[PDB]
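Enquirer: Take this structure, written in structure tokens, and hold onto it; I'll ask about it next.
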Amino acid sequence: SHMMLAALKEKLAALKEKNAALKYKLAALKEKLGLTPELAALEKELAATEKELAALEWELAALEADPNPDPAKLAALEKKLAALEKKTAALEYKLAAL
């Protein structure tokens with residue numbers, strides 16, 4: 001679970017960095033293409049992913065401070081981060097196609 005926790009922290013950190021980077025790419029698309037509803041949908045999704053990542057970070061913090069972390073909480077965190085990785089990959093593609 002130590003290895004598990006350490007790995008989830010690195011995954012979370014990489015998702016935060018990728019998601020922040022996509023905010024600058026989206027803003028550049030907004031300057032280039034104007035205020036389309038398509039870009040509005042991508043901004044909303046980027047914001048939601050950042051919100052979810054912030055919430056998960058609080059749960060990771062609690063588990064790190066726990067002297068015997070619940071394996072179920074760890075597994076649930078692992079699943080949620082896996083979902084956000086896919087969602088962030090799909091957004092990376094969509095911004096690259098615009």
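Scheme for the structure tokens: letters A, B, ... for chains in order shown; per-chain residue numbers from 1; ligand numbers from 1 in order shown.
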Applying 12 Å and only C-alpha atoms, which residues near region 75-86 of chain A remain after dropping the ones on its own chain fewer than 2 positions away? List them as a ChimeraX atom specification.
Expert: /A:1,4-19,45-46,48-63,69-73,88-93
Enquirer: Would you write out those residues with N, CA and C atoms, as a CSV table (one decimal), in the first residue's frame?
Expert:
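Result saved to selection-v1.csv:
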chain,number,residue,atom,x,y,z
A,1,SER,N,0.9,-1.2,0.0
A,1,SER,CA,0.0,0.0,0.0
A,1,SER,C,0.9,1.3,0.0
A,4,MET,N,1.7,1.5,-3.4
A,4,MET,CA,0.5,1.9,-4.0
A,4,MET,C,0.2,3.4,-3.8
A,5,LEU,N,0.3,3.9,-2.6
A,5,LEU,CA,0.1,5.3,-2.3
A,5,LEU,C,1.1,6.2,-3.0
A,6,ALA,N,2.4,5.8,-3.0
A,6,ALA,CA,3.4,6.6,-3.7
A,6,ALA,C,3.1,6.7,-5.2
A,7,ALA,N,2.6,5.6,-5.8
A,7,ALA,CA,2.4,5.6,-7.2
A,7,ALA,C,1.1,6.5,-7.5
A,8,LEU,N,0.1,6.4,-6.7
A,8,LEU,CA,-1.1,7.2,-7.0
A,8,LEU,C,-0.8,8.7,-6.8
A,9,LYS,N,0.1,9.1,-5.9
A,9,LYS,CA,0.5,10.5,-5.8
A,9,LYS,C,1.2,11.0,-7.1
A,10,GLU,N,2.1,10.1,-7.7
A,10,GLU,CA,2.7,10.5,-8.9
A,10,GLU,C,1.8,10.6,-10.1
A,11,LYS,N,0.8,9.7,-10.2
A,11,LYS,CA,-0.2,9.7,-11.2
A,11,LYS,C,-1.1,11.0,-11.1
A,12,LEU,N,-1.5,11.3,-9.8
A,12,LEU,CA,-2.3,12.5,-9.6
A,12,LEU,C,-1.5,13.7,-10.0
A,13,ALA,N,-0.2,13.8,-9.6
A,13,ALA,CA,0.6,15.0,-10.0
A,13,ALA,C,0.7,15.2,-11.5
A,14,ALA,N,0.8,14.1,-12.2
A,14,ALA,CA,0.9,14.2,-13.7
A,14,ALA,C,-0.4,14.6,-14.3
A,15,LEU,N,-1.5,14.2,-13.8
A,15,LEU,CA,-2.8,14.6,-14.3
A,15,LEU,C,-3.0,16.1,-14.0
A,16,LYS,N,-2.6,16.6,-12.8
A,16,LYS,CA,-2.8,18.0,-12.5
A,16,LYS,C,-1.9,18.8,-13.5
A,17,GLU,N,-0.7,18.4,-13.8
A,17,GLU,CA,0.1,19.1,-14.8
A,17,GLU,C,-0.4,19.1,-16.2
A,18,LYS,N,-0.9,17.9,-16.6
A,18,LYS,CA,-1.5,17.8,-18.0
A,18,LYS,C,-2.7,18.7,-18.1
A,19,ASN,N,-3.6,18.6,-17.1
A,19,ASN,CA,-4.9,19.4,-17.1
A,19,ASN,C,-4.6,20.9,-17.1
A,45,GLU,N,-15.6,20.7,-19.2
A,45,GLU,CA,-15.1,19.4,-18.9
A,45,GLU,C,-13.7,19.5,-18.2
A,46,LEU,N,-12.9,20.5,-18.7
A,46,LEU,CA,-11.6,20.7,-18.1
A,46,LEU,C,-11.8,21.2,-16.7
A,48,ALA,N,-14.4,20.6,-14.7
A,48,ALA,CA,-14.8,19.5,-13.8
A,48,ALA,C,-13.7,18.5,-13.4
A,49,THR,N,-12.8,18.3,-14.4
A,49,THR,CA,-11.7,17.4,-14.1
A,49,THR,C,-10.8,18.0,-13.0
A,50,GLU,N,-10.5,19.3,-13.1
A,50,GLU,CA,-9.7,20.0,-12.1
A,50,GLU,C,-10.4,19.9,-10.8
A,51,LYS,N,-11.7,20.1,-10.7
A,51,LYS,CA,-12.4,20.0,-9.5
A,51,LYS,C,-12.3,18.6,-8.9
A,52,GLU,N,-12.6,17.6,-9.7
A,52,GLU,CA,-12.5,16.2,-9.2
A,52,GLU,C,-11.1,15.9,-8.7
A,53,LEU,N,-10.1,16.4,-9.5
A,53,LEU,CA,-8.7,16.1,-9.0
A,53,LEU,C,-8.4,16.7,-7.7
A,54,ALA,N,-8.9,17.9,-7.4
A,54,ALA,CA,-8.7,18.6,-6.1
A,54,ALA,C,-9.4,17.7,-5.0
A,55,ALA,N,-10.6,17.2,-5.3
A,55,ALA,CA,-11.3,16.4,-4.3
A,55,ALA,C,-10.5,15.1,-4.0
A,56,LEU,N,-10.0,14.5,-5.0
A,56,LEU,CA,-9.2,13.2,-4.9
A,56,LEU,C,-7.9,13.5,-4.1
A,57,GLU,N,-7.3,14.7,-4.3
A,57,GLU,CA,-6.1,15.0,-3.6
A,57,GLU,C,-6.4,15.0,-2.1
A,58,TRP,N,-7.5,15.5,-1.7
A,58,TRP,CA,-7.9,15.5,-0.3
A,58,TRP,C,-8.0,14.1,0.3
A,59,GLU,N,-8.5,13.2,-0.5
A,59,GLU,CA,-8.6,11.8,-0.1
A,59,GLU,C,-7.3,11.1,0.0
A,60,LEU,N,-6.4,11.4,-1.0
A,60,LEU,CA,-5.0,10.9,-1.0
A,60,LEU,C,-4.3,11.4,0.3
A,61,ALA,N,-4.5,12.7,0.6
A,61,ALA,CA,-3.9,13.2,1.8
A,61,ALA,C,-4.3,12.5,3.1
A,62,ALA,N,-5.6,12.2,3.2
A,62,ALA,CA,-6.1,11.5,4.4
A,62,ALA,C,-5.5,10.1,4.4
A,63,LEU,N,-5.4,9.4,3.3
A,63,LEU,CA,-4.8,8.1,3.3
A,63,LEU,C,-3.4,8.0,3.6
A,69,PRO,N,-3.8,2.4,5.9
A,69,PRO,CA,-4.9,2.8,5.0
A,69,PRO,C,-5.8,1.7,4.6
A,70,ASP,N,-7.1,2.0,4.5
A,70,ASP,CA,-8.1,1.0,4.1
A,70,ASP,C,-7.8,0.6,2.7
A,71,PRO,N,-7.6,-0.7,2.4
A,71,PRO,CA,-7.4,-1.1,1.0
A,71,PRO,C,-8.5,-0.8,0.1
A,72,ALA,N,-9.7,-0.7,0.6
A,72,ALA,CA,-10.9,-0.4,-0.3
A,72,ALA,C,-10.8,1.1,-0.7
A,73,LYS,N,-10.5,2.0,0.2
A,73,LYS,CA,-10.3,3.4,-0.1
A,73,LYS,C,-9.2,3.6,-1.2
A,88,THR,N,-8.8,12.7,-19.5
A,88,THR,CA,-7.8,13.7,-19.8
A,88,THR,C,-7.1,13.4,-21.2
A,89,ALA,N,-7.0,12.1,-21.5
A,89,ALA,CA,-6.5,11.7,-22.8
A,89,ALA,C,-7.4,12.1,-23.9
A,90,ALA,N,-8.7,11.9,-23.7
A,90,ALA,CA,-9.7,12.3,-24.7
A,90,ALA,C,-9.7,13.8,-24.9
A,91,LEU,N,-9.6,14.6,-23.8
A,91,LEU,CA,-9.5,16.0,-24.0
A,91,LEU,C,-8.3,16.5,-24.7
A,92,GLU,N,-7.1,15.8,-24.4
A,92,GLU,CA,-5.9,16.1,-25.1
A,92,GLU,C,-6.1,15.9,-26.6
A,93,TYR,N,-6.8,14.9,-27.0
A,93,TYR,CA,-7.0,14.6,-28.4
A,93,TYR,C,-7.9,15.7,-29.0
Enquirer: Report, in Å with one decimal, the straight-line distance from CA of residue 65 (chain A) to CA of residue 21 (chain A).
Expert: 29.3 Å
